[PDB]
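Taking it in order: structure first as structure tokens, then the write-up.
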Protein chains: 2
Amino acid sequence: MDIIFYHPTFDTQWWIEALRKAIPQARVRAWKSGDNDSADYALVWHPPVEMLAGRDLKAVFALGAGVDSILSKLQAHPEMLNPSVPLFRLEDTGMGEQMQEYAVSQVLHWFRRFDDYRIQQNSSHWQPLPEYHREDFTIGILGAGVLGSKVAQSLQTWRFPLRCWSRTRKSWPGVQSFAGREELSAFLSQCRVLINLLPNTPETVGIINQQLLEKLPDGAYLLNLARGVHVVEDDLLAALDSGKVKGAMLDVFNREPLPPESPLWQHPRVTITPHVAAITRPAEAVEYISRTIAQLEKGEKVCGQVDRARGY
Amino acid sequence: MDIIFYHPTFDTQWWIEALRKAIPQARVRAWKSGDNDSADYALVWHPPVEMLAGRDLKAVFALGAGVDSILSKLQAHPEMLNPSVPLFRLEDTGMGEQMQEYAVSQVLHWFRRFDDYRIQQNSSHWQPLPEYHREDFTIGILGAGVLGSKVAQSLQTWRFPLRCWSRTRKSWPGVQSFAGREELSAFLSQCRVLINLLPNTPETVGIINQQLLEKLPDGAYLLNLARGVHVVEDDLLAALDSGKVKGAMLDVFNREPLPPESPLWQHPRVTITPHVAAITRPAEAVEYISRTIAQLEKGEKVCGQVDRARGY
Ligand SMILES: NC(=O)c1ccc[n+]([C@@H]2O[C@H](COP(=O)([O-])OP(=O)(O)OC[C@H]3O[C@@H](n4cnc5c(N)ncnc54)[C@H](OP(=O)(O)O)[C@@H]3O)[C@@H](O)[C@H]2O)c1
Ligand SMILES: NC(=O)c1ccc[n+]([C@@H]2O[C@H](COP(=O)([O-])OP(=O)(O)OC[C@H]3O[C@@H](n4cnc5c(N)ncnc54)[C@H](OP(=O)(O)O)[C@@H]3O)[C@@H](O)[C@H]2O)c1
Ligand SMILES: O=C(O)CCC(=O)C(=O)O
Ligand SMILES: O=C(O)CCC(=O)C(=O)O
């Protein structure tokens with residue numbers, strides 16, 4: 001078999017060699033413009049149209065969890081990827097644990113009032129503060145997928161009340177499952193902490209806006225680990241300035257890098273990371289891809305597949 | 001039975017009523033100066049000498065995990081507590097989980113470089129940073145007791161390499177046990193994070209000093225959750241200023257409240273909480289005390305007992 005590989009910034013030579021060793025019968029090459037030779041599988045991130053157009057590939061693997069970029073490019077360029085070609089993404093491959101590390105750390109940080117103690121420390125002021133209680137710190141996960149479930153599981157360990165929101169009902173024993181737009185209001189009503197692990201799709205753009213934020217309990221917290229387009233940043237700033245939202249930690253933004261003129265940078269209740277919440281671990285990704293190709297060859301059901309009609 | 005209760009600041013009336021309901025055969029009263037009536041058990045925190053002197057109690061329960069204060073008072077006033085009287089403390093009673101919340105949150109905070117991203121955010125500067133790896137983030141727990149073990153267990157969940165230090169060897173399957181002063185140097189050599197959960201005893205005063213800190217790996221972190229006397233604060237500041245220690249989070253200090261002139265307050269790499277890492281949960285404490293008294297009455301082995309000769 002023949003594999004073409006393309007990634008705009010990863011260690012391309014490292015990946016080729018690691019793919020060759022995991023799939024020794026395979027010829028792996030980096031894709032460059034003009035290369036119209038045969039290929040069975042394409043491993044891509046932000047690929048140019050030309051890499052895929054007209055190719056009858058056995059599969060394409062997007063080298064990330066999110067596929068909003070490749071799918072929006074296919075919408076604008078329907079000739080890029082034949083409907084015959086199955087599209088896969090990276091499920092977990094280390095990003096699950098990475099989202100658990102980020103979420104658990106910051107949820108506990110807020111639950112233990114480290115933000116308030118930092119403010120008081122800035123004035124050299126010693127003052128024990130009242131403890132928060134788990135019954136008032138219900139956590140809601142917007143999005144209940146591969147990463148959402150992982151974050152829910154790790155927070156349940158700490159005995160926080162937990163709820164999740166998705167399109168379809170979930171069966172997680174101690175997590176209250178809300179489903180659909182008709183249940184979103186009820187889901188938000190108790191979310192002391194709101195964690196966003198949704199995909200970017202046309203149905204979810206701008207979902208974290210003024211109307212959503214004002215349904216939250218007072219003194220709520222926002223963790224945006226998904227996509228910048230999910231949040232209307234001026235609406236968030238207004239809810240931070242009114243005291244509706246006590247704190248927001250944001251890893252993703254409508255424009256990346258976040259422009260220096262954004263008021264989010266210096267807002268006292270905002271914490272910013274530069275889109276680093278969860279990156280695939282190359283060796284786990286090479287193992288996921290090699291195992292998935294082997295399953296495709298054997299006719300075993302795989303499920304890590306993108307549905308172009310639903311958008312994720 | 002008769003129980004006298006004394007605590008300088010807790011909700012005394014709440015505790016009396018809760019003890020009455022957990023031990024309905026018991027007469028519970030708040031101790032005031034001049035009260036020389038009989039008593040079988042004393043529940044105390046920072047008690048005056050007069051409360052205990054000359055009393056042949058069946059047991060005294062110190063209402064905290066640490067007993068350095070009561071034991072140093074008994075040293076200065078040997079008449080305060082007859083050697084006949086067994087002394088107990090609060091084992092866990094909720095403080096285990098509270099130490100896990102604090103430690104896990106801040107270890108993950110440092111592991112994910114949230115401290116560096118905060119510095120960069122202060123300048124509106126966007127810059128993904130290299131990931132740290134678990135093999136370079138060995139965590140050492142100074143003290144391997146009721147709370148030390150709980151913290152070790154919760155950090156093992158995150159797959160950090162783990163080691164502990166105590167007087168006696170431990171058998172925790174994935175935690176390397178170091179024991180005694182003769183093994184302290186070797187224990188420190190790999191501690192990227194040093195977590196202090198030792199008791200204050202004459203043998204441990206000032207143990208975190210210049211000689212200990214310089215045995216740590218470069219860019220180490222310090223979490224002091226135990227007693228302020230364990231740390232020589234000027235030595236810590238020097239290791240923070242030389243870059244030996246990248247960050248210190250401190251809940252306890254040689255003088256409490258930490259005086260405003262301490263350079264720790266405004267040091268950029270120091271985080272301060274006002275001795276709030278783990279407070280006993282009254283209802284768990286009343287359950288621990290009532291169950292321990294019942295076991296004493298039935299002749300069942302109890303072990304939560306202070307050893308006045310060893311000092312803890
Ligand atoms: N560094 C970073 O910040 C970073 C890294 C990796 C991933 N991410 C983000 O995380 C996202 C999720 O990854 P994942 O692997 O967890 O995706 P996933 O397994 O596909 O899970 C997506 C979940 O979102 C829910 N969802 C989709 N559309 C919805 C709608 N209209 N209403 C309600 N719920 C909806 C789905 O519901 P059903 O279960 O009912 O289908 C599903 O539970 C990615 O899309 C990416 O944007 C960010
Ligand atoms: N809010 C707060 O900040 C807060 C709250 C609660 C407790 N604390 C502190 O936490 C401490 C520990 O509580 P705990 O219940 O875990 O106590 P513990 O169960 O008695 O554990 C103490 C541990 O320290 C070790 N140790 C004692 N002396 C030592 C020495 N000379 N060299 C090496 N190791 C030594 C002991 O070793 P062995 O196991 O070999 O005996 C033991 O493992 C308390 O003393 C208190 O100061 C702080
Ligand atoms: O988009 C990226 O920069 C990689 C991390 C991510 O968000 C994803 O895997 O979808
Ligand atoms: O000493 C206190 O203020 C209570 C918390 C503590 O450190 C202990 O339980 O020993």
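Letters A, B, ... go to the chains of the structure tokens in the order shown; residues in each chain start at 1; ligands are counted from 1 in the same order.
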(request) Residues up to 6 Å from ligand 2, counting only C-alpha atoms and all ligand atoms: could you list those as a VMD selection string? (result) chain B and resid 65 to 66 91 143 to 148 165 to 168 180 197 to 200 203 to 204 225 to 227 251 275 to 279 312
Got a sec: who's within 12 Å of residue A:10, counting only C-alpha atoms, leaving out chain neighbours fewer than 2 positions off, as a compact mmCIF listing (two decimals) with C-alpha atoms, in the first residue's frame?
```txt
# COMPACT_ATOMS: atom_id res chain seq x y z
CA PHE A 5 1.20 12.39 4.35
CA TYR A 6 0.69 16.14 4.78
CA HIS A 7 0.82 18.37 7.85
CA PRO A 8 1.71 22.09 7.72
CA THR A 12 6.98 15.23 8.83
CA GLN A 13 10.10 13.01 8.61
CA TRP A 14 9.40 11.62 12.12
CA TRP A 15 5.86 10.64 11.12
CA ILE A 16 6.87 8.99 7.83
CA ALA A 30 5.28 13.38 2.03
CA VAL A 44 -3.79 15.18 6.29
CA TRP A 45 -4.25 18.38 8.26
CA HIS A 46 -5.31 21.58 6.46
CA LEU A 63 -4.74 14.39 11.97
CA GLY A 64 -6.83 15.97 14.73
CA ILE A 279 -2.66 17.83 20.99
CA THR A 280 -2.52 14.34 19.56
CA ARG A 281 0.47 12.35 20.72
CA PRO A 282 2.22 11.25 17.48
```
(message) Applying 9 Å and only C-alpha atoms, which residues near stretch 286-297 of chain B remain after dropping the ones on its own chain fewer than 6 positions away? List them as an NGL selection string.
(response) :B and (15 or 18-19 or 22-23 or 41 or 43 or 59 or 61 or 90-91 or 93 or 304)
Could you turn the residues from that selection into a file that holds N, CA and C atoms, as a compact mmCIF listing (two decimals), in the first residue's frame?
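selection-v6.txt written:
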```txt
# COMPACT_ATOMS: atom_id res chain seq x y z
N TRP B 15 -21.44 21.63 67.67
CA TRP B 15 -20.72 20.40 67.96
C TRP B 15 -21.34 19.65 69.14
N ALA B 18 -24.45 17.93 67.98
CA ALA B 18 -24.16 16.81 67.09
C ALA B 18 -23.53 15.65 67.85
N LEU B 19 -22.72 15.94 68.86
CA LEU B 19 -22.16 14.89 69.70
C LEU B 19 -23.24 14.23 70.55
N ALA B 22 -25.04 11.78 68.26
CA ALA B 22 -24.23 10.62 67.88
C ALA B 22 -23.93 9.70 69.05
N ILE B 23 -24.00 10.21 70.27
CA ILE B 23 -23.70 9.46 71.48
C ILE B 23 -24.82 9.74 72.48
N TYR B 41 -14.27 12.01 78.77
CA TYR B 41 -13.56 12.34 77.54
C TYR B 41 -13.50 13.86 77.37
N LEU B 43 -12.63 16.75 74.34
CA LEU B 43 -12.44 17.10 72.94
C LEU B 43 -11.91 18.52 72.91
N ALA B 59 -9.90 9.40 77.66
CA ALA B 59 -9.18 9.80 76.45
C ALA B 59 -9.37 11.30 76.19
N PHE B 61 -9.28 13.83 72.73
CA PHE B 61 -9.27 13.91 71.28
C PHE B 61 -8.87 15.33 70.88
N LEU B 90 -7.45 13.61 64.86
CA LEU B 90 -8.39 13.34 63.78
C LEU B 90 -7.63 12.79 62.58
N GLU B 91 -7.88 11.51 62.26
CA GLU B 91 -7.29 10.86 61.10
C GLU B 91 -8.23 11.02 59.90
N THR B 93 -10.94 12.29 58.31
CA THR B 93 -12.19 13.02 58.59
C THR B 93 -12.46 14.09 57.53
N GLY B 304 -5.50 5.33 65.81
CA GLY B 304 -5.34 6.76 65.59
C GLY B 304 -4.73 7.55 66.74
```
(request) Give the residues of chain A that lie within 9 Å of chain B; count only C-alpha atoms, and format the answer as number ranges by chain. (result) A: 97, 101-102, 104-109, 112, 114, 117-118, 121-129, 158, 257-262, 265-266, 271-277
Store the residues of this selection in a file with C-alpha atoms, as a PDB file, in the first residue's frame.
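So the final result, stored in part.pdb, reads:
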```pdb
ATOM      1  CA  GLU A  97      -6.186  12.474  29.252  1.00  0.00           C
ATOM      2  CA  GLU A 101      -5.662  17.298  33.105  1.00  0.00           C
ATOM      3  CA  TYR A 102      -6.788  20.807  32.041  1.00  0.00           C
ATOM      4  CA  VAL A 104      -9.712  18.833  36.608  1.00  0.00           C
ATOM      5  CA  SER A 105      -6.928  21.279  37.455  1.00  0.00           C
ATOM      6  CA  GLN A 106      -9.000  24.381  36.746  1.00  0.00           C
ATOM      7  CA  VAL A 107     -12.304  23.092  38.175  1.00  0.00           C
ATOM      8  CA  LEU A 108     -10.500  22.310  41.441  1.00  0.00           C
ATOM      9  CA  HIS A 109      -8.721  25.690  41.247  1.00  0.00           C
ATOM     10  CA  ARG A 112     -10.932  25.824  46.185  1.00  0.00           C
ATOM     11  CA  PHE A 114      -7.559  29.921  44.385  1.00  0.00           C
ATOM     12  CA  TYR A 117      -6.831  33.943  47.256  1.00  0.00           C
ATOM     13  CA  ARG A 118      -4.706  35.253  44.376  1.00  0.00           C
ATOM     14  CA  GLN A 121      -2.451  37.863  47.831  1.00  0.00           C
ATOM     15  CA  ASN A 122      -1.955  40.720  45.347  1.00  0.00           C
ATOM     16  CA  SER A 123      -2.699  43.036  48.320  1.00  0.00           C
ATOM     17  CA  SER A 124      -0.768  41.028  50.922  1.00  0.00           C
ATOM     18  CA  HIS A 125      -4.142  40.342  52.586  1.00  0.00           C
ATOM     19  CA  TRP A 126      -4.673  37.229  54.748  1.00  0.00           C
ATOM     20  CA  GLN A 127      -8.252  36.074  54.942  1.00  0.00           C
ATOM     21  CA  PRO A 128      -9.630  32.528  55.047  1.00  0.00           C
ATOM     22  CA  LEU A 129     -12.754  32.348  52.903  1.00  0.00           C
ATOM     23  CA  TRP A 158     -14.116  14.166  42.679  1.00  0.00           C
ATOM     24  CA  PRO A 257      -3.600  34.044  17.607  1.00  0.00           C
ATOM     25  CA  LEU A 258      -5.978  36.152  19.732  1.00  0.00           C
ATOM     26  CA  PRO A 259      -5.214  39.725  18.601  1.00  0.00           C
ATOM     27  CA  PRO A 260      -3.499  41.841  21.265  1.00  0.00           C
ATOM     28  CA  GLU A 261      -6.319  44.406  21.227  1.00  0.00           C
ATOM     29  CA  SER A 262      -8.844  41.852  22.533  1.00  0.00           C
ATOM     30  CA  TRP A 265      -6.067  39.373  27.453  1.00  0.00           C
ATOM     31  CA  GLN A 266      -6.079  41.784  30.418  1.00  0.00           C
ATOM     32  CA  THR A 271      -7.257  32.980  31.834  1.00  0.00           C
ATOM     33  CA  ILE A 272      -5.856  32.323  28.347  1.00  0.00           C
ATOM     34  CA  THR A 273      -3.908  29.433  26.826  1.00  0.00           C
ATOM     35  CA  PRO A 274      -2.856  29.556  23.155  1.00  0.00           C
ATOM     36  CA  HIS A 275      -4.821  26.583  21.797  1.00  0.00           C
ATOM     37  CA  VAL A 276      -2.829  23.918  23.597  1.00  0.00           C
ATOM     38  CA  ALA A 277      -5.454  22.075  25.608  1.00  0.00           C
TER      39      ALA A 277
END
```
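Residue nearest residue B:186, chosen from B:53, B:9, B:134, B:164 and counting only C-alpha atoms: B:164.
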(message) Residues of stretch 190-219 of chain B classed as helix (DSSP H, G or I) by DSSP on the backbone are to be reported as a ChimeraX atom specification.
(response) /B:210-213
Keeping C-alpha atoms, export the residues of the selection given above as a short mmCIF file (atom, residue, chain, number, x, y, z; two decimals), in the first residue's frame.
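In the end it all went to selection23.cif:
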```cif
data_model
loop_
_atom_site.label_atom_id
_atom_site.label_comp_id
_atom_site.auth_asym_id
_atom_site.auth_seq_id
_atom_site.Cartn_x
_atom_site.Cartn_y
_atom_site.Cartn_z
CA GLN B 210 19.20 25.65 51.71
CA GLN B 211 20.89 22.22 51.89
CA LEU B 212 17.69 20.37 51.07
CA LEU B 213 16.59 22.74 48.32
#
```
